[PDB]
file my_file_15.cif (mmCIF, C-alpha atoms and all ligand atoms)
data_my_file
#
loop_
_atom_site.label_atom_id
_atom_site.label_comp_id
_atom_site.auth_asym_id
_atom_site.auth_seq_id
_atom_site.Cartn_x
_atom_site.Cartn_y
_atom_site.Cartn_z
CA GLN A 2 11.21 21.79 51.23
CA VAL A 3 9.98 23.11 47.86
CA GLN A 4 8.51 21.71 44.65
CA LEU A 5 8.64 23.13 41.11
CA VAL A 6 6.47 21.44 38.47
CA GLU A 7 6.10 22.32 34.78
CA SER A 8 3.25 21.98 32.30
CA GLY A 9 3.21 22.25 28.51
CA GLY A 10 5.70 21.01 25.94
CA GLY A 11 5.82 18.42 23.20
CA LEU A 12 6.01 18.57 19.42
CA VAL A 13 4.77 21.62 17.52
CA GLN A 14 5.26 22.70 13.92
CA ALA A 15 7.71 25.39 12.80
CA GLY A 16 6.43 28.89 13.54
CA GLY A 17 3.82 27.74 16.06
CA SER A 18 3.35 29.19 19.53
CA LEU A 19 3.54 27.35 22.86
CA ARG A 20 3.77 28.45 26.49
CA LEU A 21 5.23 26.51 29.41
CA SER A 22 3.87 27.16 32.90
CA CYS A 23 5.78 26.34 36.08
CA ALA A 24 4.20 26.23 39.53
CA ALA A 25 6.29 26.61 42.69
CA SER A 26 5.44 25.48 46.20
CA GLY A 27 6.99 25.37 49.67
CA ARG A 28 8.10 28.96 50.32
CA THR A 29 7.33 32.60 49.61
CA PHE A 30 7.23 33.06 45.83
CA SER A 31 7.48 36.80 45.18
CA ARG A 32 10.86 37.23 46.92
CA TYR A 33 12.91 35.03 44.61
CA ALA A 34 13.65 35.47 40.92
CA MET A 35 12.94 32.59 38.54
CA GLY A 36 14.11 31.54 35.12
CA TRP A 37 14.02 29.07 32.27
CA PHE A 38 16.99 27.07 30.99
CA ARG A 39 17.41 25.32 27.64
CA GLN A 40 19.49 22.14 27.23
CA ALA A 41 19.93 20.81 23.72
CA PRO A 42 21.23 17.23 23.31
CA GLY A 43 24.97 17.37 23.92
CA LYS A 44 25.30 20.98 25.14
CA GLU A 45 25.53 22.98 28.35
CA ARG A 46 22.16 23.78 29.89
CA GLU A 47 22.23 27.49 29.01
CA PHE A 48 19.69 29.98 30.31
CA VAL A 49 17.05 31.36 27.96
CA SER A 50 15.16 33.74 30.26
CA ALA A 51 14.79 35.06 33.77
CA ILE A 52 12.48 37.40 35.68
CA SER A 53 13.03 39.12 39.01
CA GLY A 54 10.92 38.77 42.13
CA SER A 55 9.17 42.09 41.49
CA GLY A 56 8.76 41.51 37.74
CA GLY A 57 10.48 44.80 36.90
CA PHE A 58 13.71 43.42 35.38
CA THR A 59 13.91 40.50 32.94
CA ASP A 60 17.01 39.17 31.17
CA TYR A 61 16.81 37.14 27.95
CA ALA A 62 19.55 35.23 26.17
CA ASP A 63 20.77 36.85 22.96
CA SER A 64 19.70 33.87 20.84
CA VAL A 65 16.01 34.39 21.73
CA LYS A 66 15.49 38.08 22.52
CA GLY A 67 12.16 39.26 21.12
CA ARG A 68 10.59 35.82 20.52
CA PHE A 69 10.03 34.61 24.11
CA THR A 70 8.13 36.39 26.89
CA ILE A 71 8.33 35.75 30.65
CA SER A 72 5.82 36.62 33.36
CA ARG A 73 4.65 35.56 36.81
CA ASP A 74 1.43 35.31 38.82
CA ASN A 75 2.42 35.76 42.46
CA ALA A 76 -1.03 34.93 43.85
CA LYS A 77 -1.11 31.52 42.17
CA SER A 78 2.73 31.30 42.57
CA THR A 79 3.44 30.46 38.93
CA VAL A 80 5.81 31.61 36.18
CA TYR A 81 4.97 31.52 32.46
CA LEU A 82 7.38 31.36 29.52
CA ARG A 83 5.52 32.10 26.28
CA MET A 84 7.25 31.19 23.02
CA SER A 85 6.31 32.31 19.50
CA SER A 86 7.88 32.04 16.02
CA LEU A 87 9.96 28.99 16.91
CA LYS A 88 13.07 28.43 14.76
CA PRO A 89 15.39 25.45 14.13
CA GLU A 90 18.13 24.63 16.64
CA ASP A 91 15.66 25.54 19.45
CA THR A 92 14.40 22.02 20.20
CA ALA A 93 15.65 21.14 23.68
CA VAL A 94 14.71 20.24 27.25
CA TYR A 95 13.33 23.28 29.08
CA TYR A 96 14.01 23.37 32.84
CA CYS A 97 12.33 25.69 35.34
CA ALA A 98 14.67 27.11 38.00
CA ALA A 99 14.26 29.35 41.06
CA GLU A 100 16.77 31.72 42.62
CA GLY A 101 18.07 30.33 45.89
CA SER A 102 18.68 32.18 49.13
CA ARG A 103 21.64 34.56 48.83
CA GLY A 104 23.25 37.20 51.01
CA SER A 105 24.95 39.04 48.15
CA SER A 106 23.40 40.28 44.93
CA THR A 107 23.49 37.72 42.12
CA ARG A 108 23.11 37.81 38.34
CA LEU A 109 20.41 35.87 36.51
CA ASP A 110 23.05 34.94 33.87
CA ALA A 111 24.58 32.10 35.97
CA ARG A 112 23.66 28.52 36.81
CA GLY A 113 25.04 28.93 40.35
CA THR A 114 22.44 31.60 41.14
CA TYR A 115 19.60 29.03 41.10
CA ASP A 116 19.43 26.19 43.64
CA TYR A 117 15.99 24.65 43.04
CA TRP A 118 15.27 23.08 39.64
CA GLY A 119 12.44 21.11 38.09
CA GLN A 120 12.61 18.05 35.88
CA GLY A 121 11.74 20.10 32.79
CA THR A 122 9.71 19.27 29.68
CA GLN A 123 10.74 18.56 26.10
CA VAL A 124 10.19 21.09 23.30
CA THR A 125 10.36 19.84 19.70
CA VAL A 126 10.27 21.93 16.51
CA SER A 127 10.16 19.51 13.58
CA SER A 128 9.54 21.35 10.27
CA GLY A 129 10.86 24.38 8.39
CA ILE B 2 27.44 42.79 70.90
CA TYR B 3 24.19 40.93 71.66
CA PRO B 4 23.13 40.04 75.26
CA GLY B 5 23.84 36.33 75.69
CA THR B 6 26.20 36.01 72.70
CA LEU B 7 29.99 36.09 72.47
CA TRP B 8 30.82 36.37 68.75
CA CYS B 9 28.06 38.37 66.99
CA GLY B 10 29.50 41.84 66.38
CA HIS B 11 32.77 43.72 66.44
CA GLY B 12 35.14 42.70 69.20
CA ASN B 13 34.50 39.61 71.29
CA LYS B 14 34.11 38.24 74.82
CA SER B 15 35.19 34.62 74.35
CA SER B 16 38.30 33.03 75.84
CA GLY B 17 38.80 30.05 73.52
CA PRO B 18 37.84 29.63 69.86
CA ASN B 19 35.79 26.50 70.79
CA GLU B 20 33.52 28.39 73.20
CA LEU B 21 29.95 29.31 72.24
CA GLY B 22 27.44 31.66 73.82
CA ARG B 23 23.95 31.03 75.14
CA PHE B 24 22.33 30.14 71.79
CA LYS B 25 23.83 27.04 70.17
CA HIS B 26 22.77 28.01 66.63
CA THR B 27 23.17 31.79 66.31
CA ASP B 28 26.60 31.93 67.93
CA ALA B 29 27.86 29.16 65.65
CA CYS B 30 26.81 31.22 62.62
CA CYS B 31 28.52 34.33 63.99
CA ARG B 32 31.67 32.34 64.86
CA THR B 33 31.87 30.88 61.35
CA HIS B 34 31.29 34.35 59.88
CA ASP B 35 34.00 35.92 62.06
CA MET B 36 36.49 33.16 61.09
CA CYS B 37 36.30 33.98 57.39
CA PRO B 38 39.70 33.19 55.77
CA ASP B 39 39.73 36.17 53.36
CA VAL B 40 38.69 39.50 54.92
CA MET B 41 39.77 43.11 54.44
CA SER B 42 40.45 45.24 57.51
CA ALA B 43 39.61 48.93 57.78
CA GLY B 44 41.64 50.69 55.10
CA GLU B 45 43.28 47.44 53.98
CA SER B 46 44.09 46.94 50.29
CA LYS B 47 43.80 43.51 48.68
CA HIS B 48 43.15 42.07 45.20
CA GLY B 49 43.32 45.55 43.70
CA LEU B 50 40.45 46.78 45.91
CA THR B 51 40.52 49.27 48.78
CA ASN B 52 37.81 49.27 51.46
CA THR B 53 37.02 52.67 52.99
CA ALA B 54 34.99 51.45 55.98
CA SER B 55 35.77 51.46 59.70
CA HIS B 56 34.46 47.87 59.90
CA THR B 57 36.05 44.89 58.19
CA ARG B 58 34.43 43.85 54.89
CA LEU B 59 34.28 40.18 53.97
CA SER B 60 33.95 37.85 51.00
CA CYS B 61 30.56 37.23 49.42
CA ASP B 62 30.85 33.49 50.06
CA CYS B 63 31.10 34.02 53.82
CA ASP B 64 28.14 36.42 53.68
CA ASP B 65 26.01 33.99 51.64
CA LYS B 66 26.79 31.14 54.04
CA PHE B 67 26.04 33.46 56.97
CA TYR B 68 22.70 34.41 55.39
CA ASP B 69 21.70 30.76 54.93
CA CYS B 70 22.97 29.94 58.44
CA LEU B 71 20.82 32.64 60.03
CA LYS B 72 17.72 31.82 57.97
CA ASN B 73 17.88 28.09 58.86
CA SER B 74 18.55 28.53 62.60
CA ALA B 75 16.19 27.19 65.26
CA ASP B 76 16.26 30.16 67.66
CA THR B 77 14.27 32.51 65.44
CA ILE B 78 14.17 35.73 67.47
CA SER B 79 17.91 36.17 68.11
CA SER B 80 18.90 35.26 64.55
CA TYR B 81 16.18 37.61 63.28
CA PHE B 82 17.68 40.61 65.07
CA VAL B 83 21.27 39.75 64.12
CA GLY B 84 20.27 39.39 60.47
CA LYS B 85 18.16 42.54 60.42
CA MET B 86 21.05 44.52 61.95
CA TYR B 87 23.97 43.20 59.89
CA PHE B 88 22.49 42.91 56.41
CA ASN B 89 19.97 45.78 56.37
CA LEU B 90 21.42 48.75 58.33
CA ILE B 91 25.17 49.27 57.89
CA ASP B 92 24.89 49.14 54.05
CA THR B 93 28.12 47.19 53.67
CA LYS B 94 29.44 45.45 50.56
CA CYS B 95 31.11 42.12 49.83
CA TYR B 96 33.89 41.42 47.33
CA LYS B 97 34.12 38.49 44.95
CA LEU B 98 35.61 37.53 41.59
CA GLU B 99 33.23 38.07 38.68
CA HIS B 100 33.15 39.26 35.09
CA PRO B 101 33.15 43.09 34.83
CA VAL B 102 29.77 44.62 35.61
CA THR B 103 28.20 46.62 32.78
CA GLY B 104 25.15 47.95 34.62
CA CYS B 105 22.72 47.37 37.46
CA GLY B 106 19.67 45.32 36.54
CA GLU B 107 17.35 45.99 39.49
CA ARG B 108 17.97 48.60 42.20
CA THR B 109 15.56 48.65 45.15
CA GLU B 110 16.20 50.96 48.11
CA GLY B 111 19.89 51.94 48.09
CA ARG B 112 21.14 48.53 46.87
CA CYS B 113 21.35 46.66 43.55
CA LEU B 114 19.74 43.22 43.79
CA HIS B 115 20.50 41.98 40.24
CA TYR B 116 23.40 43.06 38.01
CA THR B 117 24.61 42.31 34.48
CA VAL B 118 28.08 41.58 33.10
CA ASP B 119 30.16 41.30 29.93
CA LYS B 120 31.16 37.69 29.25
CA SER B 121 33.95 38.76 26.87
CA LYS B 122 36.67 39.92 29.31
CA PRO B 123 38.36 37.91 32.12
CA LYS B 124 37.27 37.81 35.76
CA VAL B 125 38.25 40.48 38.29
CA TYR B 126 37.55 41.12 41.97
CA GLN B 127 34.70 43.60 42.48
CA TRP B 128 32.39 44.91 45.20
CA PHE B 129 28.67 44.07 45.33
CA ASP B 130 25.82 45.25 47.52
CA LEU B 131 24.35 42.96 50.19
CA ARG B 132 20.84 41.54 49.96
CA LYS B 133 18.34 42.58 52.62
CA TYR B 134 16.94 40.24 55.29
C1 LIG C 201 38.67 37.20 69.63
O1 LIG C 201 39.13 35.98 70.20
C2 LIG C 201 40.26 35.43 69.50
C3 LIG C 201 40.57 34.11 70.16
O2 LIG C 201 39.55 33.76 71.09
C4 LIG C 201 41.44 36.41 69.50
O3 LIG C 201 42.46 35.91 68.65
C5 LIG C 201 41.02 37.80 69.03
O4 LIG C 201 42.07 38.74 69.23
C6 LIG C 201 39.76 38.26 69.78
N1 LIG C 201 39.33 39.56 69.30
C7 LIG C 201 39.76 40.71 69.83
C8 LIG C 201 39.20 41.97 69.22
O5 LIG C 201 40.56 40.74 70.76
#

call {"tool": "encode", "arguments": {"input": "my_file_15.cif", "output": "structure tokens"}}
result
Amino acid sequence: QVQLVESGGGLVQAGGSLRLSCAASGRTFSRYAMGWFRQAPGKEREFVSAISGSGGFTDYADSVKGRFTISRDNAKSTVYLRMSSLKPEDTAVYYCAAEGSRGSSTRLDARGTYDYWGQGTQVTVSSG
Amino acid sequence: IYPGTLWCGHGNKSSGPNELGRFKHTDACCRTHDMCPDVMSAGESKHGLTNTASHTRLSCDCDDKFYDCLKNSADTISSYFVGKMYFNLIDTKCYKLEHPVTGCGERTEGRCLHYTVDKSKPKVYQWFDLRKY
């Protein structure tokens, strides 16, 4: 059994900065990579970012490279997605996901790599 | 082959396919792994790939299911040794259908644990390193 729970979100003005935090529980944290997925209304829940178990390799989606940052605190077993300089067409539901147990190597660029998902929090950019 | 087990390892002792060794849980995992539909024998060619190993190499789906089967077993000590011998020593690979790899994301020890692909071209069968136990 495991539990992933987010914190942060809501409405914020155009250009503002917000970070979502996501705490994991139930298993060893540092082994498994984790990532953040963005689902706009009426679209596929596409990935925005992911970070490996060690922290040494991160992959960002091309839409958001250079604006978002990802990190983890293995002692507290948490993962942070910091967001700055928000733009239009970025309002969406942000879901926190954890890499499941795998025998083969997997890519962070796939939904099927992650088994455990949170309920996710809403992010709203309203102005311009 | 392990003492008290029929299926785990090359070759086999069992008489019927329904028969299981001493441990109910570890031998079921090894039986399911050894009854993988799509394998590649030593020197066999399939799906445009050639394996150059004396042991048979198997599909990544069978290896992933075998990994989860061994990690969720009740008899911890036998499954521990079987996992730590298969996944971590022989340095084998598994083949699956994926977009073409562009580069290795993270490489720890002799194996690549996260890779990256080009989404533009179709899917092809390719080899991938096995995760450690
Ligand atoms: C393993 O057992 C099955 C049936 O029990 C048999 O088909 C197969 O040939 C055996 N393996 C070897 C190496 O003889």

call {"tool": "residues_near_ligand", "arguments": {"input": "my_file_15.cif", "ligand": "ligand LIG 201 (chain C)", "cutoff": "10 Å", "atoms": "all atoms listed in the file", "output": "PyMOL selection string"}}
result
chain B and resi 7-8+11-20+32+35-36

call {"tool": "closest_atom_pairs", "arguments": {"input": "my_file_15.cif", "of": "chain A", "to": "chain B", "cutoff": "8 Å", "atoms": "only C-alpha atoms", "output": "Markdown table"}}
result
| residue | atom | partner | partner_atom | distance |
| --- | --- | --- | --- | --- |
| A:57 | CA | B:107 | CA | 7.4 |
| A:58 | CA | B:107 | CA | 6.1 |
| A:102 | CA | B:69 | CA | 6.7 |
| A:103 | CA | B:65 | CA | 5.2 |
| A:104 | CA | B:65 | CA | 4.3 |
| A:105 | CA | B:131 | CA | 4.5 |
| A:106 | CA | B:114 | CA | 4.8 |
| A:107 | CA | B:115 | CA | 5.5 |
| A:108 | CA | B:116 | CA | 5.3 |
| A:109 | CA | B:115 | CA | 7.2 |
| A:110 | CA | B:117 | CA | 7.6 |

call {"tool": "residues_around", "arguments": {"input": "my_file_15.cif", "residues": "residue 78 of chain B", "least_positions_apart": "6", "cutoff": "12 Å", "atoms": "only C-alpha atoms", "output": "compact mmCIF listing (two decimals) with C-alpha atoms, in the coordinates of the input"}}
result
# COMPACT_ATOMS: atom_id res chain seq x y z
CA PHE B 24 22.33 30.14 71.79
CA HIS B 26 22.77 28.01 66.63
CA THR B 27 23.17 31.79 66.31
CA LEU B 71 20.82 32.64 60.03
CA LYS B 72 17.72 31.82 57.97
CA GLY B 84 20.27 39.39 60.47
CA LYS B 85 18.16 42.54 60.42

call {"tool": "residues_around", "arguments": {"input": "my_file_15.cif", "residues": "segment 81-95 of chain A", "least_positions_apart": "3", "cutoff": "8 Å", "atoms": "only C-alpha atoms", "output": "JSON, numbers by chain"}}
result
{"A": [15, 16, 17, 18, 19, 20, 21, 22, 23, 37, 38, 39, 40, 41, 42, 68, 69, 70, 71, 72, 73, 121, 122, 123, 124, 125, 126, 127, 129]}

call {"tool": "residues_around", "arguments": {"input": "my_file_15.cif", "residues": "residue 124 of chain B", "least_positions_apart": "4", "cutoff": "8 Å", "atoms": "all atoms listed in the file", "output": "PyMOL selection string"}}
result
chain B and resi 98-101

call {"tool": "write_last_selection", "arguments": {"input": "my_file_15.cif", "atoms": "C-alpha atoms", "output": "PDB file, in the coordinates of the input"}}
result
ATOM      1  CA  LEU B  98      35.610  37.530  41.590  1.00  0.00           C
ATOM      2  CA  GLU B  99      33.230  38.070  38.680  1.00  0.00           C
ATOM      3  CA  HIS B 100      33.150  39.260  35.090  1.00  0.00           C
ATOM      4  CA  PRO B 101      33.150  43.090  34.830  1.00  0.00           C
TER       5      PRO B 101
END

call {"tool": "residues_around", "arguments": {"input": "my_file_15.cif", "residues": "segment 74-77 of chain A", "least_positions_apart": "4", "cutoff": "8 Å", "atoms": "all atoms listed in the file", "output": "MDAnalysis selection string"}}
result
chainID A and resid 24 30:31

call {"tool": "residues_near_point", "arguments": {"input": "my_file_15.cif", "point": "(34.4, 48.9, 62.0)", "cutoff": "12 Å", "atoms": "only C-alpha atoms", "output": "ChimeraX atom specification"}}
result
/B:10-12,41-44,52-59,91,93

call {"tool": "write_last_selection", "arguments": {"input": "my_file_15.cif", "atoms": "C-alpha atoms", "output": "PDB file, keeping the file's coordinate frame"}}
result
ATOM      1  CA  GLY B  10      29.500  41.840  66.380  1.00  0.00           C
ATOM      2  CA  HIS B  11      32.770  43.720  66.440  1.00  0.00           C
ATOM      3  CA  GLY B  12      35.140  42.700  69.200  1.00  0.00           C
ATOM      4  CA  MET B  41      39.770  43.110  54.440  1.00  0.00           C
ATOM      5  CA  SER B  42      40.450  45.240  57.510  1.00  0.00           C
ATOM      6  CA  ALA B  43      39.610  48.930  57.780  1.00  0.00           C
ATOM      7  CA  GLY B  44      41.640  50.690  55.100  1.00  0.00           C
ATOM      8  CA  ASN B  52      37.810  49.270  51.460  1.00  0.00           C
ATOM      9  CA  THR B  53      37.020  52.670  52.990  1.00  0.00           C
ATOM     10  CA  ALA B  54      34.990  51.450  55.980  1.00  0.00           C
ATOM     11  CA  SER B  55      35.770  51.460  59.700  1.00  0.00           C
ATOM     12  CA  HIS B  56      34.460  47.870  59.900  1.00  0.00           C
ATOM     13  CA  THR B  57      36.050  44.890  58.190  1.00  0.00           C
ATOM     14  CA  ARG B  58      34.430  43.850  54.890  1.00  0.00           C
ATOM     15  CA  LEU B  59      34.280  40.180  53.970  1.00  0.00           C
ATOM     16  CA  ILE B  91      25.170  49.270  57.890  1.00  0.00           C
ATOM     17  CA  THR B  93      28.120  47.190  53.670  1.00  0.00           C
TER      18      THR B  93
END
